[PDB]
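Per-entry structural report
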Amino acid sequence: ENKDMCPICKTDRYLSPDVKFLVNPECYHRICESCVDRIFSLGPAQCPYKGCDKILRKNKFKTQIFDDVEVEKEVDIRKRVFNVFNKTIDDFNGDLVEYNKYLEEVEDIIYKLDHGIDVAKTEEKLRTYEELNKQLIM
Amino acid sequence: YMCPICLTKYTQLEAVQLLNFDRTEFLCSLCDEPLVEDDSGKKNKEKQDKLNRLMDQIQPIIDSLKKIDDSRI
Amino acid sequence: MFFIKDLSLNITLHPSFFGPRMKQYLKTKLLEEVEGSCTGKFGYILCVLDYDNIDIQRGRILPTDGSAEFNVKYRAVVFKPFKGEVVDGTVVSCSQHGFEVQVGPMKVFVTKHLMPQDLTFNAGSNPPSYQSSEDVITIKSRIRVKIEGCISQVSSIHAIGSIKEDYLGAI
Amino acid sequence: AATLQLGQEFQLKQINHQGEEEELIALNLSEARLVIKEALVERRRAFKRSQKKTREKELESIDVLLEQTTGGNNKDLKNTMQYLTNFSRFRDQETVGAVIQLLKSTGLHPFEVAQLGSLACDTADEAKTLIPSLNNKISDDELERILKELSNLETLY
Amino acid sequence: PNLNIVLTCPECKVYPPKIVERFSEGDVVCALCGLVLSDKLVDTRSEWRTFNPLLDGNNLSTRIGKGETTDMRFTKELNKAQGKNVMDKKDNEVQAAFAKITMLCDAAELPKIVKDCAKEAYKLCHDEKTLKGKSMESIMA
Ligand SMILES: [Zn+2]
Ligand SMILES: [Zn+2]
Ligand SMILES: [Zn+2]
Ligand SMILES: [Zn+2]
């Protein structure tokens, strides 16, 4: 937060926190404009956010401004899952139990995705997304 | 570039004027003795750390200043 | 570049060449040391026109060496390079710091720090040549070349160009 | 520099050998191809006058002929030429004289149109890319109408 | 780079330079082959005939004074001031010991030679933490 907002500018709340601390949809990290720009400009290099080695991508970042990254992961994961499972049957005929259960199943992957317990079911959730994406293509 | 013998600085262009068809490397006009490259961006990195260090030093100062700037007292 | 021009020359006759066909020797000395030679003030004197109306107006004798001399006001053609203009060229020689475009009478060698980032050197090429994202800057390749530094010393020029702007590259 | 800043010996305002002014004289390497071969052909029959008391093979056959009419140390010239024929895409002299009829009926700088005559351009920004100095002096539609004229005027041999 | 010239015959190239010197008419001639090499050989002798760097080394300064077209003020300022630029040099303790032995070698009549060596050695060391003072006298002794 006020003590971790970048590899470079970790303390940025009182350093005019107007510059953008982007999460790469694959970084989930607080990267001040200096480092994140430095990175995607050269390209997908890691954001050195506190020993980090995860590739701060090229210009594919999203916006997450300090939204409790446990939520930012929980928010970024749910939308893609809710997009991968976009409308797998939820209003095909108007059912409320199955749709909500399918909904109760829908974000249960996201809750698992936001958790990633011992991951072997999150991988199973990914195969469902590929199955959901394969079903979407057809 | 430079020359490292008579220690006079050189470059791409002045010296490519001096390249010879029978040669791959730029001799020196002065000592007739081929050159070497010269510069180092290390100092820019050295300057990057100093601004990093100064901002870390100056944040509590600019915390208080802006906090003082509310009532101009 | 190619321009056409009026040039004056002050030529000197050692006296033993005061046979009346000196004029031919004037026309001789003019021709055989103007063609294909160079200046730094006008560049490469490629060729000379109007050999029949040659100004050989008047001449003077120097108080030493007794040698009569003349000012031959003559028109020829001049290769005169400048900076910043695109010009084609077919490379001839490759080295490590870039490659050598045969531009007309000149061999403009372009630098790798004048090549853009896409094109690099494959030494494994033979003839050694440059392989880019899209095309190859070979020797025999016709390249579109702009001039960046065109060093003209009196009787001696050499020039530097880069394709790093557009509608450039191998053609 | 490209910025139409050529030296004083290459201003527009230059004097003849008879002390009188003239716009600068600047050709494309295609027309400047033509004058040399004909002019050096003046020399050669004239060399053989006082002596009385597709194309590229045409090209070098002469570049031996004027070679042997010259002293020989000028292999560089027949380089200059051999450069040209590759990069000189004009033939049929009147066209080039008429090309200029078009290029001069503008009142443009000859350096440009001669450089225009030196280039196989296609379109506006291309022309303005290759020559910055033809980025704004004119309306490019003129440049454009010319270019397609020029691009099909291209005598392909 | 050494910025040198080695003198050498262009029409012999036979050997390291085996020539002779024609001072009295100013040329060097290829002793073997007979060709002059250089010319306008300047006087190298009448040069000195007109007129302490082993001690003083490299520094420069001058002895100066009052004129005929002058008043006692300019005499006085160049008396005080030409004492003001001697502290730039410890060489007051370099020069004065000279002046000391200068006085002294005189006083006991010593020749020029004794003095110069007795000057020269004074340049040699002139100091060390080992010497560390030592009275500035017993050293001069
Ligand atoms: Zn930072
Ligand atoms: Zn991150
Ligand atoms: Zn040197
Ligand atoms: Zn000799």
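Residues numbered from 1 in each chain as written, not as in the entry; some residues may be left out. Chains lettered and ligands numbered in written order. Part of a larger assembly, values for the part shown. Heavy atoms only, no water. Residues with missing side-chain atoms left out of burial classes, pairs and counts.

**Description of the overall build of chain D**
Looking only at helices and strands, chain D features seven helices and two strands. Listed N to C, the secondary structure of chain D is β-β-α-α-α-α-α-α-α in terms of helices and strands. Seen through its C-alpha atoms, chain D measures out along the principal axes to roughly 60 × 45 × 25 Å. For chain D, the proportion of its 157 residues judged to be buried stands at 43%. Of the roughly 8,500 Å² of accessible surface on chain D, 53% is carried by carbon and sulfur atoms. Computed over 21 positive and 26 negative side-chain charges, the separation of the two mean positions in chain D equals 10 Å. (Helix = DSSP H or I, 4+ residues; strand = E, 2+ residues; numbered from the N terminus. Buried < 20%, exposed > 50% of the residue type's maximum accessible area, 1.4 Å probe, protein only. Areas by Shrake-Rupley, 256 points an atom, 1.4 Å probe, with all protein chains shown as cover. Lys, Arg positive; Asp, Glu negative; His and termini not counted. Charge placed at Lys NZ, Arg CZ, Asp CG, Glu CD.)

**Overview of the overall build of chain A**
On a plain count of helices and strands, chain A comes out with four helices and two strands. Element order for chain A, N to C, with α for helix and β for strand: α-β-β-α-α-α. With respect to the principal axes defined by its C-alpha atoms, chain A has extents near 55 × 25 × 25 Å.

**Observations regarding the sheet that holds strand β8 (residues 120–122) of chain C**
Residues and elements named next belong to chain C. Taken in spatial order, the three strands line up as β8-β9-β10 in an open sheet, and their pairing is antiparallel. Of all strands in the sheet, those bounded by a partner on one side alone are β8 and β10 (136–137). Judged from the three bridges that link them, β8 and strand β9 (residues 129–131) form a sheet pairing that is antiparallel. When the sheet's bridge partners are listed, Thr120 is paired in β9 with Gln131. (Pairing = 2+ DSSP bridges.)

**A short note on the interface of chain D and chain C**
The partner chain C presents 39 residues to the 39 residues of chain D that form the contact. At the level of secondary structure, the elements contributing two or more residues to the side of chain D that touches chain C comprise β1 (14–15), α1 (31–50), α3 (75–87), α5 (110–117) and α6 (124–130) of chain D. Top element by residues in the side of chain D that touches chain C is α3(D). It accounts for eight residues. A per-class count over the side of chain D that touches chain C returns 21 nonpolar, twelve polar and six charged. (Contact = heavy atoms within 4.5 Å. Nonpolar A, V, L, I, M, F, W, Y, C, P; charged D, E, K, R; others polar.)

**What to know about the sheet that holds strand β3 (residues 36–38) of chain E**
All names here are of chain E. The sheet built from three strands is open, its strands ordered β1-β2-β3 with antiparallel pairing. Taken across any chain shown, the strands that pair with only one partner, and hence form the sheet edges, are β1 (20–22) and β3. Going across the sheet, the axis of each strand differs from the next one's by a mean of 35°, ignoring polarity. In terms of strand pairing, strand β2 (residues 27–29) meets β3 through two bridges, oriented antiparallel. Its bridge partner being in β3, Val29 is matched across the sheet by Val36. (Axes fitted to C-alpha atoms, helices over the stretch in contact; angles between N-to-C directions.)

**Concerning the environment of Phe98(E)**
Residue and element names in this part refer to chain E. Its location among the elements puts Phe98 in helix α2 (residues 91–107). The spatial distance from the C-alpha of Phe98 to the C-alpha of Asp116 is 9.2 Å, given a sequence separation of 18 residues. Setting aside anything within four residues of it in sequence, one finds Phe98 in contact with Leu55, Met103, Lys119 and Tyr122.

**Quick notes on the side chain of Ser141(C)**
Residue and element names in this part refer to chain C. When you line up the elements, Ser141 lands in the loop between β10 and β11 (142–153). Within polar-contact distance, the side chain of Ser141 engages the backbone oxygen of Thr138 at 2.2 Å. When sequence neighbours within four positions are dropped, the list of residues in contact with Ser141 reads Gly89, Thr90, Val91, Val136 and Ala170. (Polar contact = N/O pair within 3.5 Å; in protein donor to acceptor, adjacent residues only side chain to side chain.)

**Observations regarding unusual backbone geometry**
The omega torsion of the bond from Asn126(C) to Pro127(C) falls at 5°, within 30 degrees of zero and hence cis. Within the secondary structure, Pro127(C) is located in the loop between β8 and β9. Unusually for a residue other than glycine, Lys40(E) sits at a positive phi of about 45°. Position of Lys40(E) relative to the elements: it lies in the loop between β3 and α1 (72–80). A positive phi angle, near 50°, is found at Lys132(E), a position not held by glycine.

**What about the pairing of β11(C)?**
Residue and element names in this part refer to chain C. Judged from the five bridges that link them, strand β5 (residues 86–95) and β11 form a sheet pairing that is antiparallel. When the sheet's bridge partners are listed, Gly89 is paired in β11 with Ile143. When β11 meets strand β13 (residues 169–170), the two strands line up antiparallel, connected through two bridges. Residue pairing across strands places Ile143 opposite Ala170, the latter belonging to β13. Sheet topology places β11 next to strand β12 (residues 156–162); seven bridges connect them, and they run antiparallel. Bridge pairing in β12 links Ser152 to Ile157. Two successive antiparallel strands, β11 and β12, enclose a turn made up of two residues, where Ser155 displays a positive phi of approximately 75°.

**Comments concerning the arrangement of the chains**
Of all four pairs of chains in contact, the one with the most contacts involves chains C and D. For chain A and chain C, which are not in contact, the least C-alpha distance works out to 13 Å. The two partners chain D and chain E share no contact, and the minimum distance between any of their C-alpha atoms is 29 Å.

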